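The residues making up each chain are set out below.
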Amino acid sequence: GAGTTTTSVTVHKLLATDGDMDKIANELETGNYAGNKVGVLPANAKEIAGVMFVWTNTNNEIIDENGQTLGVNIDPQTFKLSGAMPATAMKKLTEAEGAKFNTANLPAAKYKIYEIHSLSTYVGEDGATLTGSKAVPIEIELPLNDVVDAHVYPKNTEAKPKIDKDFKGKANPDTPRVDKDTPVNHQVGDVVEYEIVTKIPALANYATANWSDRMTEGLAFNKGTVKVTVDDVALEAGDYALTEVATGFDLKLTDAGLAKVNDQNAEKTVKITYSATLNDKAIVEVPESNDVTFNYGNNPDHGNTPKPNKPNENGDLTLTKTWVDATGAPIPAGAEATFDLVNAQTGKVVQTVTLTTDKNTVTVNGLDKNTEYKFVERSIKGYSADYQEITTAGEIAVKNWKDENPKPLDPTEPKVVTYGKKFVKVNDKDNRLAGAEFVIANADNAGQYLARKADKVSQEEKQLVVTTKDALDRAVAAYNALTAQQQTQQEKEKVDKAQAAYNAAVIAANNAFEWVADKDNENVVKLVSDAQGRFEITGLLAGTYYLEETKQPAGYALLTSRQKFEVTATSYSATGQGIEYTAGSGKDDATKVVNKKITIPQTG
Ligand code: NI
Ligand code: NI
Ligand code: NI
């Protein structure tokens, strides 16, 4: 005999499906006299499970079921706990018909019951979380007058955040750009400026709020360009933890940071801006992309964004899944796990795979070994996706944490793409000529010549260019000092090998472009024909350019004219251009550059 005549209390957690909790109260007022089970609920309220309730004494100190204090306090204003939830605390999660506490051993007194957002599992429709609350904490003095089995009705609203990522200026969470997947033409060295705009509801109660971005290889994330504002106002050094990696970043609100978006009177607007440079690994007509995820919850969250990866040499790529609980400790497979294999350059779905509870891995074959892909986990209720950092080609690992948080926000991303042109050097009988050197101009007659910016190329890159150039010079000279019959496949390979090395060196040196006056300058992009007469230019914006030959094939004359050419969205790959880049390939994807040769005749 220590407790009271009120031997049980049941907490029913009510959700205001509209925004009106006051209206819920203004039906429970007029309905009751004392605290018995309400037979029927307002049309405006709904009872939800998965909300955690814990008992306190009148001073906000957590108690066990005999009313003993447990030396952890809860702040009456923020609801924040001063320690870890004590193991023997009188706490329980609501089930469909509420949380029924046994109150039989509690001494006569005043008590509080709090909602602990941070320890609940509830998740609304379309990933909404509980925001505002009315009549929390519950103040109940025991015994409840006349009642032995009491029932109480704490109230809540729920809300959802919104997001979109797009180029600087274009980001709109309410109506994302519909033609986003359409790549925008850019040249190498361009700085791409991105914008992330997140709307966070009023009275948010986030424990986590992390943004994570990962980029395909052809985009270099520009470190130190990240800026974050909340309603236009810059966050402070201590409001977030920013970690920067070669392929992008993770941005996490701290407690001071969350303070600024949580428990606020109006929808709040978070903006994160930053840039990336399209670099020398961009493959022509192959989009590059960023990819952001927003991982949030009333409970802490461990999910993040996928990491693109390439298949191994065999065109094989393997996903491997592991599972853990909110503390990081191993647990058995939570459920079926479905993933979409997305081509990471384009943003399009390659195929779908499912992992049954018993088989934690899957391998997909027949993939392009030059193409980056990602397995995007389809939302598993209760579970957040942690994509592990990439250590090797052909392997992607995913860890499933049982946070019990809403599905993450995953905006679509824009794309960017460079264009290019291919050529073959021939005589008038289509014989492929080696060693013809070319530069690119911006007019048929005067104008400037294409170069890489001096300030955007190091000395190592520069000398590799001249070293391979010199090397090529020698191979061409040797091949030219042979005769028609002696210039067989094996000898042409020699020239092809050297020209390939040169060509890669230029592509690597071409980190940026500028137009200049002098064709003699060292930075001028020079193109050279291989023994199959081939040369290409990659990394360009669309437009009209003009080849100028600077040194003709041995035995031939110098062209006294520039050759006009068009760079387009398909000029690098389109068939029907007049000649095979590589003989016998079946695709005439190049333009012929026809050299002339003066001959001295005879008579009689
Ligand atoms: Ni690539
Ligand atoms: Ni995304
Ligand atoms: Ni480079």
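Residues numbered from 1 in each chain as written, not as in the entry; some residues may be left out. Chains lettered and ligands numbered in written order. Heavy atoms only, no water. Residues with missing side-chain atoms left out of burial classes, pairs and counts.

As annotated in the PDB entry, the protein carries the name CELL WALL SURFACE ANCHOR FAMILY PROTEIN and comes from Streptococcus pneumoniae. As recorded in the PDB, this entry has the title "Full length structure of RrgB Pilus protein from Streptococcus pneumoniae".

**As for the overall build of the protein**
Broken down by element type, the protein carries four helices and 42 strands. Against the 2.2 N^0.38 benchmark of 25 Å for 604 residues, the protein shows a C-alpha radius of gyration of 34 Å, more extended than a compact globule. Reported as C-alpha extents along the three principal axes, the dimensions of the protein are approximately 135 × 50 × 40 Å. Of all intrachain contacts in the protein linking residues separated by at least 6 positions in sequence, the fraction that spans at least 24 positions is 76%. (Helix = DSSP H or I, 4+ residues; strand = E, 2+ residues; numbered from the N terminus. Rg over C-alpha atoms; globule rule 2.2 N^0.38 Å. Contact = heavy atoms within 4.5 Å.)

**Structural notes on the domain arrangement of the protein**
Per the domain assignment, the segments of the protein are domain 1 (1-159), domain 2 (160-300 + 408-418), domain 3 (301-407) and domain 4 (419-603). On a C-alpha basis, the centroid separation for the pair domain 1 and domain 2 is 38 Å. Counting residues at the interface gives 12 residues for domain 1, matched by 13 residues for domain 2. Summed over both partners, the interface of domain 1 with domain 2 comes to about 910 Å²; 44% of that surface belongs to carbon and sulfur atoms. Linking domain 1 with domain 2 are one salt bridge, by the criterion used here. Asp126 serves as the salt-bridge partner of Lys160, at 3.5 Å between the closest nitrogen and oxygen. (Domains from an automatic or database assignment. Buried area = accessible area lost by both parts, 1.4 Å probe. Salt bridge = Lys/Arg side-chain N within 4 Å of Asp/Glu carboxyl O.)

**Comments concerning the sheet that holds strand β13 (residues 155-159)**
Taken in spatial order, the four strands make up an open sheet running β3-β2-β13-β10, and their pairing is mixed. Looking at strand neighbours, the two that pair on one side only are β3 (45-47) and β10 (129-134), the edges of this open sheet. Put simply, the sheet's adjacent strands are angled 40 degrees from each other on average, direction ignored. In this structure, strand β2 (residues 14-16) lies alongside β13, joined through two bridges in parallel fashion. Residue pairing in the sheet places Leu15 in a bridge with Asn156 of β13. (Pairing = 2+ DSSP bridges. Axes fitted to C-alpha atoms, helices over the stretch in contact; angles between N-to-C directions.)

**Here we look at the sheet that holds strand β39 (residues 534-540)**
On the basis of which strands lie adjacent, the open sheet formed by three strands has the order β39-β34-β42 and mixed pairing. The two strands at the open ends of the sheet, each matched to only one other strand, are β39 and β42 (591-594). Neighbouring strand axes in the sheet, compared pairwise and without regard to direction, differ in orientation by 30 degrees on average. Relative to β39, strand β34 (residues 419-426) runs antiparallel, the two being bridged by six bridges. What sits directly across from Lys422, in β39, is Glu536.

**Quick notes on the nonpolar core**
Counting 34 residues, the largest nonpolar core has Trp211, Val226, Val228, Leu251, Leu253, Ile272 and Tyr274 as the members making the most contacts within it. Contacts of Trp211, omitting those with residues within four sequence positions, involve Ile163, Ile196, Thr198, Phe249, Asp250, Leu251, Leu253, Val270, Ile272, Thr293 and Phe294. (Core = buried A, V, L, I, M, F, W, Y, C linked by side-chain atoms within 4.5 Å. Buried < 20%, exposed > 50% of the residue type's maximum accessible area, 1.4 Å probe, protein only.)

**Focus: helix α3 (residues 459-480)**
Over its 22 residues, α3 runs 31 Å from end to end, which matches the ideal 32 Å to within 8%, given 1.5 Å per residue. Of the positions making up α3, those classed as buried are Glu461, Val465, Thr468, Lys469, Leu472, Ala475, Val476 and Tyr479. On an axial view of α3, the arc spanned by its buried residues comes to 130 degrees, and they lie on one face. Those residues of α3 that are exposed and angled more than 90 degrees off the buried face are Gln459, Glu460 and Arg474. (Expected span 1.5 Å × (residues − 1). Arc of directions from axis to C-beta.)

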